[PDB]
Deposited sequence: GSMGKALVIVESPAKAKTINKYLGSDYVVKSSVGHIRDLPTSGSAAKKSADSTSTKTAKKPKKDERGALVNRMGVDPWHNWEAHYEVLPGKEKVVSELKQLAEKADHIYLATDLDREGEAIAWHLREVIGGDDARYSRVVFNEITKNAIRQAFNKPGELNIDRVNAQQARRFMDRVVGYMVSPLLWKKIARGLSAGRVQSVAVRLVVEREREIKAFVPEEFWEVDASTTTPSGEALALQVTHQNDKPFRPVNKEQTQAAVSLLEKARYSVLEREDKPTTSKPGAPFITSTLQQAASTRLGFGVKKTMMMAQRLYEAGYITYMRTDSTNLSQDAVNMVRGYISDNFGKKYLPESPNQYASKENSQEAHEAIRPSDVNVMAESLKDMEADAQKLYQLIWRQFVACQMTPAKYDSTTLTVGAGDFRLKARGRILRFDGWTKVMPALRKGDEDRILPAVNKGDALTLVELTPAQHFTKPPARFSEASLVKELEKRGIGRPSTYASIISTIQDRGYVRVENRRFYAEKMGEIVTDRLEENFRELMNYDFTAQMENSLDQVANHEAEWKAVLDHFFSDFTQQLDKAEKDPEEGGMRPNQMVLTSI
């Protein structure tokens, strides 16, 4: 007579309830109900909860206090015809659905796995309209990841306690992430600032208009004196030279809006524009999502549904007008790549209209809403001017720009050279030398590290945040003034791992393991075979590391005296 639906949080249960008829009964497991504990060694296998030596047999256990929840689901599941696992759409979500089906038990046919990337009326109806089945491959991909992380963490760390210090930790991806910071910390430590000069000139057009120029070439070669003498010498020539205009290339340019956000880009924009850290951004993104205000916050897809594009184009026509609406929609699909960007669930809901959301949560929505609306508006137009000037053997230039049509920038908050013809004489009024110095590489920010992680194909929309968090409370790196700093212990452990766990620390291999995980999720590889391969390369590394250093083993945090 009735159906039972299960979600992972009360917040998600409340929102989805508003869209499910009387035939359905929503219930939230209130978190993960079951999971792992909080050549061979029964002692090690028990602590890990997985057995690399008996074809990866696992020992999952119902989490503390959640035993009341199981019974809550159990008895509830019997007074129902069908059971719907409406956990989030990601692999982690697929595995949580699995654990739910396992615990409650029952014929596999009593279960369905619904997928949706936003909690709205029409998204909920279609999700339960054409329900799906649990996908064991995605579940196996998720456990594969969980098993190798456990292996690395529980088997490397003990070597580190013995070789380096007690309490240390090792992380499959985390240690690779720390490597990037350590390398960046070193580049900076060895950087040598270099001196170079620049010369500016103030002139007067024939009218009397002021014109500022920068010296670009001398003898047709790029101008860049490296000291104080060279500049004065150049300055001394520029003082007697006759200045004249020799081209006014007036060219029309445009700026295009960015694509709708994906996990990584949201984090960077939120951090750079709103000063939000990765943890903060993802926690608020989640609440907006579970509140039904935005699409799933874990994605690497910039695709937008026809419906979403139709609703926003409508908003653009009504609120901005025809000159802001492109002829055809901007397209940034099918079987693969069938997800969506982070966009509001209803373009007609303004940040100021969010009910149960805090100030910064509304601000994040605004940033998301603006990016979304802008991505579907026309480009902005400018008329760029470039004045090249000649003076003796020198060449100087001045650039200028005038806005002609705001286009997409209209939905963003509210925010020029004189007239001269080729051949006009400019009067020199003043010359101004300026000394500068090459700066060192920028320090990673929480988000810009994720950015670097993404381009190296190391992270994953659903792991970036955890990766940033997990490497901070361990003494390897620290964030000071919102920037990363490598700690001495971070370098100590990093050099050790690169020396005795090369494959594990290699970027390409780490990015490759993500591909391998995708092949599992796509039934192109079998999770256990993939795990056996990983363990094989791992233990060979580990066995070598545990040996005395005189036999090539890991270096202890030594430093001995004359004796």
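According to the record, the deposited residues with no C-alpha atom in the structure span 1 to 3, 42 to 63, 358 to 360, 444 to 450, 599.
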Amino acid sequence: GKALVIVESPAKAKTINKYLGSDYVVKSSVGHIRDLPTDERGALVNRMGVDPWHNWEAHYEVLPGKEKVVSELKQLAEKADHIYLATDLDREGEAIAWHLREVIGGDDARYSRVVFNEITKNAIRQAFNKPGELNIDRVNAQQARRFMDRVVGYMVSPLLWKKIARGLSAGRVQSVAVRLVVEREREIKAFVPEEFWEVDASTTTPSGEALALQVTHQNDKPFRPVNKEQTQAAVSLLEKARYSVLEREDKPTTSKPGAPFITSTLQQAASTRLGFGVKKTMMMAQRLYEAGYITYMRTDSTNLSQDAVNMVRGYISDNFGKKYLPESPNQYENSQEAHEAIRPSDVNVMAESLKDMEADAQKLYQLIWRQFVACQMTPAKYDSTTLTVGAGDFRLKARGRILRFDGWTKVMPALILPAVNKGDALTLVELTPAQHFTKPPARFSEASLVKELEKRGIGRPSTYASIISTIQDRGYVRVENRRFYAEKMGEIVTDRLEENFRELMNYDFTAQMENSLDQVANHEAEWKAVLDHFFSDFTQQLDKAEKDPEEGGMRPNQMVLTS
From here on, numbers count along this sequence of modelled residues.
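The term rigid core refers to the most C-alpha atoms you can superpose between the two forms while keeping them within 1.5 Å.
Farther from the shown form on average, by C-alpha root mean square after a core fit in 6 other deposited structures of this protein, is 530 to 538, of the stretches 530 to 538 and 506 to 514. In summary, of the stretches 266 to 274 and 223 to 231, 223 to 231 shows the greater Cα distance from the shown form in 6 other deposited structures of this protein, with structures fitted on the rigid core. In all of the other compared structures of this protein with flanking residues present, residue 524 is modelled, so it falls below the one-third mark for missing coordinates.
Figure legend: residue 452 is marked as modelled in all of the other comparable entries of the protein, none of which omit it, let alone a third. Mean CA temperature factor is higher for 433 to 441 when stretches 433 to 441 and 263 to 271 are set side by side in the entry.
A summary of the deposited B-factors shows that, of 465 to 473 and 86 to 94, the stretch with the larger mean C-alpha value is 465 to 473.
Take 485, 223, 365, 154 and read off each C-alpha B-factor from the entry; 223 has the highest. Across the residues 504, 63, 530, 521, the deposited record lists the maximum Cα B factor for 63. Remark: residue 163 belongs to the middle third of its chain, ranked by C-alpha B-factor as recorded. Annotation for residue 40: CA B-factor lies in the highest third of the chain's modelled residues. When the modelled residues of the chain are ordered by their C-alpha B factor, residue 295 lands in the lowest third. Annotation for residue 72: CA B-factor lies in the highest third of the chain's modelled residues. Sorting the modelled residues of the chain by their CA temperature factor places residue 283 in the lowest third.
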